[PDB]
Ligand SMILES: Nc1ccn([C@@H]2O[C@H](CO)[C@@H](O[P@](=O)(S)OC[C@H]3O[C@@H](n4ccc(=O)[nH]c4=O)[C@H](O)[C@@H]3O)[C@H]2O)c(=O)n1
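First, one chain by itself in structure tokens, the form deposited without this ligand.
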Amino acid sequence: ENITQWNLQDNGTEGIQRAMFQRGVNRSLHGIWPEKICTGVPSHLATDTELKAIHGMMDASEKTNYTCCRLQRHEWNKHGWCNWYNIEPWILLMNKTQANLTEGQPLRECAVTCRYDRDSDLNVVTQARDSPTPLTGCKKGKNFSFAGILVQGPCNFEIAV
């Protein structure tokens, strides 16, 4: 039901992807998205101390030099509070999800966004998720590179019949 999405290293893409490449980080959690989007005043303001407890998750913002906590806070505000009700189980889930992502190639990994690299003739995956979705910037007929891992299709598991 919830979509889990993350960023992948790519020196060819400006921002978080380049920062991950430079720091030797392969996968950085973006969010865990239930169907319901939060609106209005959050029930708790996420502190830097709470958000720093999501170990390994890099901020997408250049303002924090891709560390913490703009992306982390935006995720709690837009997807967290109204669905998890309390910050503690949300931090634990996000931390465990990132800990799992840091181990290597997840059991379910599907391309979201690509940067086609002419030199290697590969779709370099910049964002991926745990379920298939329509692709962005991925050139048809080309193999996929998920933080170095070569996959023939957009997912590391068969989707179709």
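In this text, the rigid core denotes the largest set of C-alpha atoms whose superposition between the two forms falls within 1.5 Å. Residue numbers here begin at 1 and follow the sequence given.
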RMS CA shift, core-fitted in 6 other deposited structures of this protein, bigger for 149-157 or for 10-18: 149-157
Between the two ranges 18-26 and 148-156, the one averaging a larger CA B factor in the entry: 148-156
Greater mean Cα temperature factor according to the PDB record, 100-108 or 113-121: 113-121
Relative C-alpha B-factor of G56, binned into the chain's lowest, middle or highest third: middle
Among modelled residues of the same chain, the CA temperature factor third for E35: highest
Position of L135 among the chain's modelled residues by C-alpha B-factor, lowest, middle or highest third: middle
Modelled-residue ranking by C-alpha temperature factor, third containing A128: lowest
Chain thirds of CA B-factor: placement of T47: middle
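The following text describes the form solved in complex with this ligand, which does not appear among the structures shown.
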Shown-form site status with respect to this ligand as positioned in the deposited complex after superposition (2.4 Å backbone/C-beta criterion, 3+ atoms): open
Interface membership of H30, this ligand in the deposited complex, 4.5 Å heavy atom rule: yes
Touches this ligand in the deposited complex: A60 (any heavy atom, 4.5 Å): yes
4.5 angstroms heavy atom contact with this ligand in the deposited complex for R70: yes
In the deposited complex: members of 109-139 within 4.5 Å of this ligand, any heavy atom: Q127
